[PDB]
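J.: Mind looking over this structure? Questions follow.
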Amino acid sequence: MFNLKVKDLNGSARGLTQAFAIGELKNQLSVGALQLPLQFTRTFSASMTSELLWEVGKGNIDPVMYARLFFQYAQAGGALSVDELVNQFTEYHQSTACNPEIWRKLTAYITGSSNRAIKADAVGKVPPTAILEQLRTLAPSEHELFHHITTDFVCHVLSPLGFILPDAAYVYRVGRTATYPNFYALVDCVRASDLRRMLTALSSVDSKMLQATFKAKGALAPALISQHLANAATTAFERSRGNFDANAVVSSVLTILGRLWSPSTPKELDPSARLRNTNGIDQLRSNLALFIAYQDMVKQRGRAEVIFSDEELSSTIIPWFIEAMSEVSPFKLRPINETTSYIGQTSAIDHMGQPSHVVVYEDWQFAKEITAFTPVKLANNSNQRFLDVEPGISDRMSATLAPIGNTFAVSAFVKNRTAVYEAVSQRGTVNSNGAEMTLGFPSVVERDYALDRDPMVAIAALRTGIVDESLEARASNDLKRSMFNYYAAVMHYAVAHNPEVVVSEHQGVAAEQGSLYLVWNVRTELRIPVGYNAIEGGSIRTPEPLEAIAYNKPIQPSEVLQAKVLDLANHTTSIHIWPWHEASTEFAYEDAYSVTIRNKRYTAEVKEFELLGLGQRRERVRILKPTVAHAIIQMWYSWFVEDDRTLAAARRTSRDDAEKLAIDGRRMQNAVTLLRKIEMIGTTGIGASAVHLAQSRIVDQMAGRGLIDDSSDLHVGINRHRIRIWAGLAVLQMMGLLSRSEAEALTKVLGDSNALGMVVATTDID
Amino acid sequence: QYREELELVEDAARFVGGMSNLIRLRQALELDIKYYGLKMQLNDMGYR
Amino acid sequence: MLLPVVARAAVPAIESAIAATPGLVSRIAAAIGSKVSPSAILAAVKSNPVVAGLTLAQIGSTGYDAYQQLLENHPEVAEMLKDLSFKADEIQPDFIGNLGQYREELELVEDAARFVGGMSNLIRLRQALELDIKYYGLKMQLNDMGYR
Amino acid sequence: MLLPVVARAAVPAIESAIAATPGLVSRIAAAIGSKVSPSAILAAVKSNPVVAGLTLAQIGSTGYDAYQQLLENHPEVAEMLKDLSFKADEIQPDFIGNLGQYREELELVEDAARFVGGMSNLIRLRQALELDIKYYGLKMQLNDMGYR
Amino acid sequence: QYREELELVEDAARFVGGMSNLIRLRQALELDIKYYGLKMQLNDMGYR
Amino acid sequence: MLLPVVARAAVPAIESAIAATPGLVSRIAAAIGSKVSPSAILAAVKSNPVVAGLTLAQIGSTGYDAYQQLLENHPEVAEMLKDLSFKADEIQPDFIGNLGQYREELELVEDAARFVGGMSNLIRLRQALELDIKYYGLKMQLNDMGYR
Amino acid sequence: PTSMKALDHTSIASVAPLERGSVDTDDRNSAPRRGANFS
């Protein structure tokens, strides 16, 4: 839940406004003053995937992914950039490959034989982690991630011969990918083209010949190995040498685009008639993801320069820049319509036409799986520890959570919201303000739980636009990188549904020599503007991507957004080296169901280990967090209390008979759909076993005092409908899904509406 | 004369929990105010 | 360099402090490590934000205002500013042992806390009981009138 | 009742304290709420362990020994006894605010801790650096002789 | 004359991390001992 | 919590040292960082074992006994306690160079060791040769009688 | 009795995590979180 006043966009949300992206902190942004027509038909979207555990120890090299490890190690690792990293990799690669000894000394170790041939039978086995231990001393580095890449190289040429133990295994987690390129994500993905051409040379060494000459002859010296490695590692050193600075490949090729978009480009520097006609610029001219990248470029550098020869050289840059991105990468070009598919919109209309509130939401497919691991140290004061997945705890919850899944789907939240604004609104126009725009982004709040951050700094990042410094850099680096996704994800949306876009050039405050911002042509067919613009001509031209949303008609999301859980189960043996205590929630719970029977109070305590079938309380196990599940429920809570608040706010000032009865018509109808939902959770596997026990602690507490039995014609039912409801919270409480505070207010809402009173009123006949 | 009185404790007991708890809870309230401030402050520093 | 918005307000604040007393001029020259001449440091302030911050730490009297506003102007200097400016807080000899006695006590509160709810609740509930008796009577009476 | 293993040591311990001074007899009679006569409380001690504990809290001089041994053979009373005997630790007016200044500081240690390892490691590593230089020479020399 | 010296810092820098870290780490060690005791004690009370 | 088995011996041991001289009370208050009052530190000892150990390091005269018994029932603190209590052993200026001369010599022993067997054997064999001659005669004579 | 002593002193092959953290969490016990009151 994030609310903004679309009339004053500057103040309410500056993160999503365009005025911020191109460097206007001050309120002013130019009108539709000067313009050039354009159509964006393509975009660069990250492939749809989220982090997965990948294991580095085994002999294979999968160049695409090791590349991905560099992204994470350097970028999110706190280091400067993957660019500086890769450079320090090829100084490292030059060190070993071009050096004749370092390939002898560690083939003396693995083969055992310094000066003489080794037979075919007498071939020992040396575990992979071994040779790594020594290579550390030979070719020392400050980045362990290099030693792993060389280690499993020699493992690859020696694997057929069998000089090494297969059994050992080891594991890391690759990171999540931003869906749209930040400026630097271009620079990175260009260097990562070098790197991928590096590794594809190492990876592809068969050494079949060395396998043939070993078999027939029966023996070979280290002089055959230690050359045949040194031939491989210097084939890779070729392929690294002589590639262009990514930093100056892109910096230019985003400028010479930026000059053929902007209408005002001085003729003194005009991209020439040849490069405008270059093969491929045509396509890159119409591409969006670059544009919002360009806007970033100038936001930071403030300027641009073309170092490369304006003609002869810059026409071999582009065909090299295209081949970098176009090739399979995290970023793959797609028709623009598709990348926004999951966003959806709905609005609350006045009688005339214009919006009162208008909601924008990300659809979701609720994640119905959950896993629970127990961490196991290798030795005292060693951080290697590797977890054991425990089934039978997890089978419970995932068969418990699967019933929850069906009933919370996001579309049913907004389908509910607009049903509120129908009832609460008066009959009269809204001139008073632009229609406020509420936007659910469960992805925002989601990222706060896995990163463990106060939801208030995340929101307040979008509002004011600046990130708080008080937090440590690991968060801000994933915060800003996030806050840029939403910005981008907005404009892909706005553009997708208003194909007419027009590129101006901002120069009012003369902040930068080159600047760009779109302005949309949307045809409103409305009388009065929301936001502020002159609404002249039967179409409005609005620089802000948000306003240009508001004038859309309802849109139904065509594609469910997909969360997917991190997978521990597959590799059990491999030792986890990534910290897993960030993604782990402790699992413990206590609660008491209190009821009053014939003027006394009977309280049944209950513990979580009982609920699960465990007989004893085991401390170690830790539930791996259900973020996306806690994301949605968090949304659905805040929109529920928000609704139920706004009504009881109108319900006081209604001053009508016909309308007032329509509010209480709504609340009651709301709260007993609330409850029939929670009662539906009570029948679940944890819900069951919570009930069966709670009644049983209450019985044996009444043993001492003989008192008369109930009718249970409806009493069994009345008591039953109550005990289930308390199961409904207990299951939500014990998993992370609902915090204890909001669980209380959610009782209080269901409490005063006397929902339960009305639920039973359908089970009697009069 | 204590018939009236003990029945009052056992009403308070059942609510809280075992008698041991109520003896604790009673102290928590009787406890000086500053301590509530102290604990709030450690949570302000991010300890739990 | 230095952004102009910071400059219109920031430059005169320092200059004022200099004109107030010379004794500060020598101090800032030592801390920032700049030429002792008042014209020199004023040339440095404009050049780097990080430098601008350390100066405003040296003079807190008149200068505190701009300093905070500088936080807004540059995220980076403040981020690398918190480290460069630091002083070890003198610890009292008694303190750590004196804290050892409250181990027994705080664990008592947190037993009471969990029961009630968030710490905020318990602070309320404590007052409700400490509250005068008449109020319980008052509330009962409003319910007697059919108000609730 | 009271287990003999305890009672054997407990009874004469109390009786000794009584014979030492009468002033305690009146105190324990007040705390336990028992008849002031020394024969009465001694009859109560045998009857209930909880009572036996409160007595041994009133006299800590000679009595501390048995008390611990009582605590061993009775883990049951341990919880209950801990509650009945309690005193609010007087808090210093300066304390909570005085702690507020270390917020900046402790967060600095925990940044250094995580990097190195467990807190135990960092305490070691700190010493290794603070350590005299010659030792680095010494260790280098043993490696020169081929010792490891 | 500082050629010898700065190259020494940058060896220490790369190891630790960004220069900002090393400036911190340097303070952590220079810091008084009691603080190490203090932090250990909060962990003794079960505060993280 | 300090285990009773220890605490039984520990508490009076400390209290005895306090009663012996006041000069220690101020010392332990400094090291542990606790309130100087003898009642305070005694309240701290009971609370934490780690604290209890540091106290027993400050007083080694009468206290060494309990300390070891503390160490038994608590292998946990053993690591942590060993670190918190440490003193750099003063090294002699001559030492490391003085060791350099024995490089030639020790390598000679280890040549003799490997030949004979474990170092234990060589220490024996050395004595056998150094041993008086008559014994060789004695043993020969028992074999002359038939004894083996 | 058999002696496993010699085999006991060992080191584990070291490695460095990509993203440091989660270090002091090796041994801790968080005591349970209560549910809300009910009515």
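Going through the structure tokens in order, the chains are called A, B, and so on, while each chain numbers its residues from 1 and the ligands are numbered from 1 in the order shown.
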So which residues touch residue D:36 within 12 Å, counting only C-alpha atoms, skipping near sequence neighbours fewer than 2 positions away, as a ChimeraX atom specification?
T.: /D:18,22-34,38-44
J.: Per residue of chain F within 7 Å of chain D, record the nearest atom pair and its distance in Å to one decimal, counting only C-alpha atoms, with rows in chain order and ascending residue number, as JSON lines.
T.:
{"residue": "F:4", "atom": "CA", "partner": "D:68", "partner_atom": "CA", "distance": 5.5}
{"residue": "F:8", "atom": "CA", "partner": "D:65", "partner_atom": "CA", "distance": 5.6}
{"residue": "F:80", "atom": "CA", "partner": "D:120", "partner_atom": "CA", "distance": 6.4}
{"residue": "F:83", "atom": "CA", "partner": "D:124", "partner_atom": "CA", "distance": 6.7}
{"residue": "F:96", "atom": "CA", "partner": "D:138", "partner_atom": "CA", "distance": 5.7}
{"residue": "F:103", "atom": "CA", "partner": "D:145", "partner_atom": "CA", "distance": 6.4}
J.: Give me, as a list in words, the contact residues of chain E against chain D at a cut-off of 8 Å, counting only C-alpha atoms.
T.: residues 24, 25, 28, 29, 35, 36, 39 and 40 of chain E
J.: Let me make sure I understand: among G:25, G:4, G:30, G:38, which one has the smallest atom-to-atom distance to chain B if we use only C-alpha atoms?
T.: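 Using only C-alpha atoms, the shortest distance to chain B belongs to G:30.
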J.: To one decimal place, how far is atom CA of residue A:115 from atom CA of residue A:159 in Å?
T.: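 Separation between atom CA of residue A:115 and atom CA of residue A:159: 22.4 Å.
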J.: Per residue of chain B within 12 Å of chain G, which atom pair is closest and at what distance in Å (one decimal), using only C-alpha atoms, listed by chain and increasing number, as a Markdown table?
T.:
| residue | atom | partner | partner_atom | distance |
| --- | --- | --- | --- | --- |
| B:15 | CA | G:37 | CA | 11.6 |
| B:16 | CA | G:37 | CA | 11.9 |
| B:48 | CA | G:30 | CA | 9.2 |
J.: Any chance you could fit chain C onto chain D with least squares, all Cα atoms in order, and share the moved copy as a tab-separated table (two decimals) with C-alpha atoms, in the first residue's frame?
T.:
chain	number	residue	atom	x	y	z
C	1	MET	CA	7.51	-32.23	53.88
C	2	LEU	CA	11.31	-32.25	53.75
C	3	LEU	CA	13.69	-34.87	52.37
C	4	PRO	CA	16.09	-36.28	54.99
C	5	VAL	CA	19.28	-35.73	52.98
C	6	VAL	CA	18.62	-31.99	53.11
C	7	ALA	CA	17.94	-32.30	56.86
C	8	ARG	CA	21.24	-33.78	58.14
C	9	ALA	CA	23.17	-30.76	56.85
C	10	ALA	CA	20.47	-28.05	56.64
C	11	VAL	CA	18.97	-28.14	60.15
C	12	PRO	CA	22.15	-27.28	62.08
C	13	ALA	CA	23.12	-24.43	59.76
C	14	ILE	CA	19.99	-22.50	60.65
C	15	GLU	CA	20.19	-23.45	64.31
C	16	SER	CA	23.75	-22.14	64.39
C	17	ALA	CA	22.67	-18.78	62.99
C	18	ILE	CA	19.92	-18.56	65.59
C	19	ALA	CA	22.35	-19.28	68.42
C	20	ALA	CA	24.68	-16.64	66.98
C	21	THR	CA	22.22	-13.76	67.32
C	22	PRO	CA	18.52	-13.39	68.27
C	23	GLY	CA	18.06	-10.45	65.90
C	24	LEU	CA	17.71	-12.78	62.93
C	25	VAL	CA	15.02	-14.88	64.60
C	26	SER	CA	12.63	-11.94	64.55
C	27	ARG	CA	13.49	-11.16	60.94
C	28	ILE	CA	12.84	-14.61	59.53
C	29	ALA	CA	9.65	-14.77	61.59
C	30	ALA	CA	8.53	-11.66	59.73
C	31	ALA	CA	9.57	-12.72	56.23
C	32	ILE	CA	8.34	-16.31	56.35
C	33	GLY	CA	5.44	-15.14	58.49
C	34	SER	CA	5.93	-17.71	61.22
C	35	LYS	CA	5.66	-17.72	65.00
C	36	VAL	CA	8.58	-15.79	66.46
C	37	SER	CA	9.68	-18.72	68.62
C	38	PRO	CA	12.91	-20.37	67.32
C	39	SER	CA	11.32	-23.79	67.77
C	40	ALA	CA	8.46	-22.81	65.47
C	41	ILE	CA	10.45	-21.75	62.42
C	42	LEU	CA	12.62	-24.83	62.82
C	43	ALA	CA	9.45	-26.89	62.61
C	44	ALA	CA	8.47	-25.03	59.45
C	45	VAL	CA	11.81	-25.52	57.71
C	46	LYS	CA	11.45	-29.28	57.87
C	47	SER	CA	7.92	-29.09	56.52
C	48	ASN	CA	8.35	-27.12	53.30
C	49	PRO	CA	11.37	-26.65	51.03
C	50	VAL	CA	10.13	-23.29	49.78
C	51	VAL	CA	10.13	-22.07	53.36
C	52	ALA	CA	13.58	-23.55	53.92
C	53	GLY	CA	14.93	-21.46	51.08
C	54	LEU	CA	13.58	-18.11	52.22
C	55	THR	CA	15.23	-18.69	55.59
C	56	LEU	CA	18.59	-19.30	53.96
C	57	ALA	CA	18.18	-16.08	52.01
C	58	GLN	CA	17.69	-14.19	55.27
C	59	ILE	CA	20.98	-15.55	56.54
C	60	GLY	CA	23.68	-15.69	53.89
C	61	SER	CA	26.75	-15.75	56.11
C	62	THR	CA	26.96	-19.36	57.24
C	63	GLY	CA	23.97	-20.56	55.32
C	64	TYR	CA	24.97	-20.12	51.69
C	65	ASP	CA	26.45	-23.61	51.57
C	66	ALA	CA	23.31	-25.58	52.41
C	67	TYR	CA	21.18	-23.33	50.23
C	68	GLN	CA	23.06	-24.34	47.11
C	69	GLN	CA	22.84	-27.97	48.13
C	70	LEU	CA	19.11	-27.48	48.65
C	71	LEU	CA	18.90	-26.36	45.06
C	72	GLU	CA	19.87	-29.91	44.09
C	73	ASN	CA	17.49	-31.58	46.56
C	74	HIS	CA	14.31	-29.89	45.29
C	75	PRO	CA	13.84	-28.48	41.76
C	76	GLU	CA	10.40	-27.05	42.57
C	77	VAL	CA	11.19	-24.87	45.60
C	78	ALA	CA	14.11	-23.20	43.83
C	79	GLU	CA	11.94	-22.65	40.76
C	80	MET	CA	9.23	-20.96	42.88
C	81	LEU	CA	11.96	-19.62	45.16
C	82	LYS	CA	13.56	-17.24	42.69
C	83	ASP	CA	10.32	-15.26	42.45
C	84	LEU	CA	9.37	-15.02	46.12
C	85	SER	CA	12.81	-13.68	46.92
C	86	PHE	CA	13.46	-10.59	44.86
C	87	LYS	CA	14.72	-7.05	45.27
C	88	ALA	CA	14.55	-4.24	42.75
C	89	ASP	CA	18.10	-3.28	41.90
C	90	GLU	CA	18.51	0.46	42.43
C	91	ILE	CA	19.13	2.08	39.06
C	92	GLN	CA	21.45	5.04	38.61
C	93	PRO	CA	19.78	8.19	37.22
C	94	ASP	CA	22.53	8.63	34.64
C	95	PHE	CA	22.57	5.09	33.40
C	96	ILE	CA	20.04	4.83	30.58
C	97	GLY	CA	21.12	8.07	28.95
C	98	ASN	CA	24.74	7.20	29.56
C	99	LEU	CA	24.12	4.06	27.55
C	100	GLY	CA	22.68	6.09	24.69
C	101	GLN	CA	26.09	7.36	23.71
C	102	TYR	CA	27.48	3.90	23.06
C	103	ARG	CA	24.97	3.22	20.31
C	104	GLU	CA	27.36	4.64	17.75
C	105	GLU	CA	30.23	2.66	19.20
C	106	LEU	CA	28.93	-0.88	19.61
C	107	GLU	CA	27.62	-0.89	16.07
C	108	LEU	CA	31.23	-0.31	15.09
C	109	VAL	CA	32.47	-3.40	16.90
C	110	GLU	CA	29.82	-5.62	15.37
C	111	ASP	CA	30.91	-4.47	11.95
C	112	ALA	CA	34.42	-5.58	12.82
C	113	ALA	CA	33.18	-8.75	14.47
C	114	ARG	CA	31.23	-10.15	11.52
C	115	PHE	CA	34.22	-9.62	9.27
C	116	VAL	CA	36.70	-11.48	11.43
C	117	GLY	CA	34.45	-14.13	12.90
C	118	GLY	CA	33.08	-14.82	16.35
C	119	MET	CA	33.81	-12.18	18.99
C	120	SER	CA	36.36	-14.58	20.45
C	121	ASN	CA	38.42	-14.34	17.28
C	122	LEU	CA	38.47	-10.56	17.19
C	123	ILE	CA	39.68	-10.43	20.76
C	124	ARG	CA	42.52	-12.66	19.67
C	125	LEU	CA	43.29	-10.83	16.43
C	126	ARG	CA	43.40	-7.57	18.35
C	127	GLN	CA	46.11	-8.99	20.56
C	128	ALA	CA	48.06	-10.37	17.62
C	129	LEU	CA	48.47	-6.88	16.23
C	130	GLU	CA	49.08	-5.22	19.58
C	131	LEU	CA	51.70	-7.91	20.12
C	132	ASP	CA	55.39	-6.97	20.01
C	133	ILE	CA	57.17	-7.08	16.67
C	134	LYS	CA	60.00	-9.43	17.63
C	135	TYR	CA	57.53	-12.30	17.78
C	136	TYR	CA	56.80	-11.92	14.11
C	137	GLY	CA	60.53	-12.26	13.65
C	138	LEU	CA	60.67	-15.28	15.93
C	139	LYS	CA	58.00	-17.18	14.05
C	140	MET	CA	59.62	-16.35	10.73
C	141	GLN	CA	62.86	-17.82	11.99
C	142	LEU	CA	61.40	-21.14	13.07
C	143	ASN	CA	60.05	-21.43	9.56
C	144	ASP	CA	63.56	-20.65	8.36
C	145	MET	CA	64.78	-23.72	10.21
C	146	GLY	CA	62.08	-25.76	8.53
C	147	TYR	CA	59.86	-25.95	11.54
C	148	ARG	CA	56.21	-24.99	11.22
J.: I'd like the contact shell of residue G:27 - 10 Å cut-off, only C-alpha atoms, skipping same-chain residues fewer than 3 positions apart - returned as a VMD selection string.
T.: (chain A and resid 620) or (chain G and resid 23 to 24)
J.: Given the selection you just returned, output its residues as a file containing N, CA and C atoms, formatted as a short mmCIF file (atom, residue, chain, number, x, y, z; two decimals), in the first residue's frame.
T.:
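Ended up saving to again08.cif:
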data_model
loop_
_atom_site.label_atom_id
_atom_site.label_comp_id
_atom_site.auth_asym_id
_atom_site.auth_seq_id
_atom_site.Cartn_x
_atom_site.Cartn_y
_atom_site.Cartn_z
N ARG A 620 16.77 -26.33 17.13
CA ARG A 620 17.62 -25.99 16.00
C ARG A 620 16.88 -25.54 14.76
N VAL G 23 27.50 -14.10 11.17
CA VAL G 23 28.61 -14.74 11.85
C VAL G 23 28.37 -15.07 13.32
N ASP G 24 27.82 -14.14 14.08
CA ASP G 24 27.75 -14.35 15.51
C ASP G 24 26.49 -15.14 15.86
#
J.: What are the residues of chain B lining chain E at 9 Å or less? Count only C-alpha atoms, and put the answer as a VMD selection string.
T.: chain B and resid 42 46 to 48
J.: Write a file of the selected residues as a short mmCIF file (atom, residue, chain, number, x, y, z; two decimals), in the first residue's frame, keeping N, CA and C atoms.
T.:
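Printed below is again-v2.cif as written:
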data_model
loop_
_atom_site.label_atom_id
_atom_site.label_comp_id
_atom_site.auth_asym_id
_atom_site.auth_seq_id
_atom_site.Cartn_x
_atom_site.Cartn_y
_atom_site.Cartn_z
N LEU B 42 17.22 -0.04 24.87
CA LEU B 42 18.02 -1.09 24.28
C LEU B 42 17.41 -1.53 22.97
N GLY B 46 18.65 -1.29 18.76
CA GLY B 46 18.55 -2.47 17.94
C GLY B 46 19.03 -3.74 18.63
N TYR B 47 18.76 -3.86 19.91
CA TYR B 47 18.95 -5.14 20.55
C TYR B 47 17.63 -5.72 21.03
N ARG B 48 17.56 -7.04 21.08
CA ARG B 48 16.29 -7.73 21.30
C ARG B 48 16.42 -8.88 22.29
#
J.: As an exercise, work out the distance from atom CA of residue A:243 to atom CA of residue A:312 in Å and give it to one decimal place.
T.: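 Interatomic distance, atom CA of residue A:243 to atom CA of residue A:312: 17.3 Å.
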J.: What is the atom CA of residue A:676 to atom CA of residue A:629 distance in Å?
T.: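 Distance reported for this atom pair: 20.2 Å.
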